[PDB]
Amino acid sequence: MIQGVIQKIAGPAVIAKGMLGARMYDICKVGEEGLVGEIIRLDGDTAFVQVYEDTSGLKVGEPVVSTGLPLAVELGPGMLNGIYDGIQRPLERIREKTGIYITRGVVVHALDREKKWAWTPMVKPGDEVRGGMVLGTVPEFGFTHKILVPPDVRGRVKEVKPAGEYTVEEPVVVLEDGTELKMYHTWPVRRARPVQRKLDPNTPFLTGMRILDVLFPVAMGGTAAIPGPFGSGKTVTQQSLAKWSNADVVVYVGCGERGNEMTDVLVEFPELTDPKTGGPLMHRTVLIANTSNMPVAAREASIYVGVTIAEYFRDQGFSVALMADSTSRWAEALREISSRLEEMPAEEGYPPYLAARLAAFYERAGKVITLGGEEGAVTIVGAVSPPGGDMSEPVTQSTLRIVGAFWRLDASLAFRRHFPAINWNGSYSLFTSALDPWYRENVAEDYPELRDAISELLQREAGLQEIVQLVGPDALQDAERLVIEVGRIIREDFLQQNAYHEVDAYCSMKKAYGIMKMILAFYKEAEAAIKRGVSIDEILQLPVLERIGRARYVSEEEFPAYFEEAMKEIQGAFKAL
Amino acid sequence: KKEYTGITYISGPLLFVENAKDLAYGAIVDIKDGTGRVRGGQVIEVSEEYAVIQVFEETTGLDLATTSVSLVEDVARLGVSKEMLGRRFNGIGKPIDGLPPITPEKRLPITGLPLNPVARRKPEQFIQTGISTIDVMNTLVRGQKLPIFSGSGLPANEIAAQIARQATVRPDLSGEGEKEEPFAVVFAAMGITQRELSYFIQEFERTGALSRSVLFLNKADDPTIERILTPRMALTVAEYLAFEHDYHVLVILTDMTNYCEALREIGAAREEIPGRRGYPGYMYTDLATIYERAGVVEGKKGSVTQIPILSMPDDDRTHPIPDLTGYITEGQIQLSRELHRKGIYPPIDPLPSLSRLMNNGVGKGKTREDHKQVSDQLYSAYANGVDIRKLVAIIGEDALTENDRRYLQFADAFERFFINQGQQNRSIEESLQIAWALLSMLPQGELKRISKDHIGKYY
Amino acid sequence: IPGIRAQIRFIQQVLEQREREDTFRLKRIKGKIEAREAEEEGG
Ligand SMILES: Nc1ncnc2c1ncn2[C@@H]1O[C@H](COP(=O)(O)OP(=O)(O)O)[C@@H](O)[C@H]1O
């Protein structure tokens, strides 16, 4: 439409001249080959294209052609069980099309255009249809993938296709005004799919880990952040949330991760069994890989692509679970683009619009009742990587004040090989007061009281540990040493979890509540006996110590009897003496 | 060709030229001056008015009247071959030797072309080193990058030479072809002084491992942008000899701090928004670009594994260089000055040095069914001993419980027998026997990490 | 207590030292931006 030539190619960004009338964020195709970029400037008659490729080898004088369309995606059947690039290019197809490398200038569609799908009519010629309504259904492997009307569209259905087998190009509905509806449609990523109204979260997001389920919960609309230095497990924990959650779909965005860290998922997940239907686990994953040597603007591109896909599935009706890895890489991409724009930077170089982008990205997550009268959910768990571990970086601070839970990882706990390394006094949760009705309904009746007792005991033992480190853990009284030792038993038998065991990798709510009950009963009887006068060394040599210690390596079938036996054994053995 | 005369600015590294738009961005040039001596360059930020060069050697004697710049190649590319498997190069790639240049077989770029995340495979094979603090607690597998966070006067070159000499795979412990696999070193050094270079060369010549290794040398009396160029050449040659001829290479990159210094210097002379404490913003991008070139593909059988030596400047793990390196690689080994004081060797601090690709390369059916469990237990016991050290320093050694003394003595025996090993080649089984001997010094039933079966079988 | 106070004083001095370098580089960047935009009337 609007054609101009290159003038000042330098680094990852060019400057095209002779371009008057180009909008402010459309996608241009620079170079003699096509190196799709993006416009962020308008100075008189030039532009400032931002390339998504290598740019090594171009010249001055090669043409640039605008498109006038702001980076759409393709939404429809065919997305599940597949990898993508930063701008939605199928990695499998690029592989079989060029080789083992990723060259520049490859053109491949996002959704397949050859496979047949099982259409199923759901309308009647003459009805009234509005945006977000239902039109049909297409069976993907395990799900009844619906199809929808693109928003801001209406009319009068004139003639639908009967059942059969088509590609994603045959228009299955033809409205009266002439608009034809395919089985897919495009959506610009920087917008937000509209809804009717946003509900209040009232059900937890079970994830398997005893700490992040019992102590610091997250509702099914929430947000979180796992910041910590390198060598803590901001990836092991996210992979465990991706393979042992309670969601329906999962989107795993990697924004500057390791190639090995992303290929150890493509290899293993089509072997495990999702815990809701029995099929493979790779039939609910849409992971979006963008490693650390690919181009630099594809980082922000990948973040927005991931969020828009998750919102599409929420509008469909499932319960998605986004997982953004290392949002700090996004910030450093913005820093580089700012240093190329040659602007005035805020603290530490980060441009003066960081927090706005982060808030707009964290504020499209939550349970909602979409335009079809259903329910969906987009949960987000975004890792954060401080540049020295300090929680004073602008990203580490701006990512507070906007989130729900906050799971601060500690380095020393990760040197001791005490995993997971969740610091139990720097973290917090804000959802733990709206979920109590659900707990009372589906786990126990005094589970809130047990949780309160556990938290109170931990965060009272801390104060005594101060005096311990001052004087020494022998000048203390007997009740004080008992509190210290109960705290240590808790810390090593209820807040520890090895993601590589066979049965200690998915602990459910009843099992956690059982262990808490055992610990509380033991502490109560030991308090009584210490009042009586027996010695703390005998109280510790009581073998119920090792019983309730190893009570976590059990499976989940014989626990309802194991727990009863150990409970009665404690009640007996602590009045025998 | 002698075209493109009319430069108009010279200051330090940079050099500007008047109207020249046919020089492609990122090209290569060569700057002849008024006496015949030819230098090298590289085009940055081409534009319709001028074009900025980046001289390699130096800018002495260059006047503004008799000085030209000619085009050589539109992209940087190294002429690789298989005949360069006994040779010795320098910086850009001229042969510092008594033999003529090579006849190339293919000329590929030196910049990039990353690997496709779907043309990889999980590194699984297990390569032992004979250093019982790396074979047993920080396993090193074939296909992983693992730096060595050295120090000022700490022995890191010796550990690198020892690993290169002792490293061998163990095929008869998981089932494979018995004898097939030697190594192929691609030693690449940027900034080394004379003493260290002479040590490395003596050592490589003693073991006969010199006729199967290529050498790129950038000693300290040479320019700095050559330091910026060297590791890309090294990794290009390595990727070639691996993914084309089924070799198993082991790239030793020495002193990444000098590379980061050259980077900071060009960035400063470019005035490019310092990121954090000097060093520019894109240093994560650059270090990643030259680290992620080491993996394993499917279909082929080659492999590329790295050991980037780097000296944390002031003994700070929070310095940008070690920080970004730790974020990018997968694992690390960290020496200890305190242990170097007390004559230990190798002074590898075992707490802060981990390896990520270990849970997949060790375990039942690969080395022994009790490896990771002994690892976990040794870590826990050593942490307890280290804490009781401070308890002592607060209270006194005679006011201690009866088992705190057991933990203290375990810590001292651990530092005296398991870490200190001289220059001897251990084995996985000898080191596990030593580990079990030590772990037997503590009582039974106080090891909540190992299973009762292994507990009964070994003690 | 005096050793801890000395440590605090040293850390505080270094942290404040590493802000004036930033202010200086920012002022130089502003000078360069003014010198450049003073020539960007048209072209
Ligand atoms: N839940 C866990 N159980 C056991 N080991 C863990 C757990 N989480 C992390 N680890 C260990 O900690 C290391 C952290 O790996 P990774 O997640 O890649 O780094 P980071 O935590 O810094 O992102 C891994 O090598 C793993 O061995």
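Each residue, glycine too, has its Cβ placed from N, Cα and C.
Feature annotations, courtesy of Swiss-Prot:
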| type | residues | note |
| --- | --- | --- |
| BINDING | A:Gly228, A:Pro229, A:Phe230, A:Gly231, A:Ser232, A:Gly233, A:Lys234, A:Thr235 | ATP binding site |
Any further residue of that chain within 8 Å (Cβ to the Cβ centroid of A:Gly228, A:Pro229, A:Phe230, A:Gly231, A:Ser232, A:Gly233, A:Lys234, A:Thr235) of the recorded ATP site: A:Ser385, A:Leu409, A:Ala414, A:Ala421
Winner by Cβ contact number (other Cβ atoms within 10 Å) across the binding-site residues A:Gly228, A:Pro229, A:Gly231, A:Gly233: A:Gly228
Which of A:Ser232, A:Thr235, the listed binding-site residues, has fewest other Cβ atoms within 10 Å: A:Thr235
Cβ-Cβ distance under 8 Å to A:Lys234 (ATP binding site), same chain, at least six residues away: A:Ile226, A:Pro227, A:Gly228, A:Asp325, A:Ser326, A:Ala383, A:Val384, A:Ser385, A:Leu409
Filtered binding-site residues, from A:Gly228, A:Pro229, A:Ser232, A:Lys234, A:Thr235, whose Cβ is under 6 Å from an atom of ligand 1: A:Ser232, A:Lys234, A:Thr235
CB contacts for A:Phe230 (ATP binding site) [other CB atoms within 10 A, all chains]: 21
Binding-site residues satisfying Cβ distance under 8 Å to any chain B Cβ, from A:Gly228, A:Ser232, A:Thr235: none
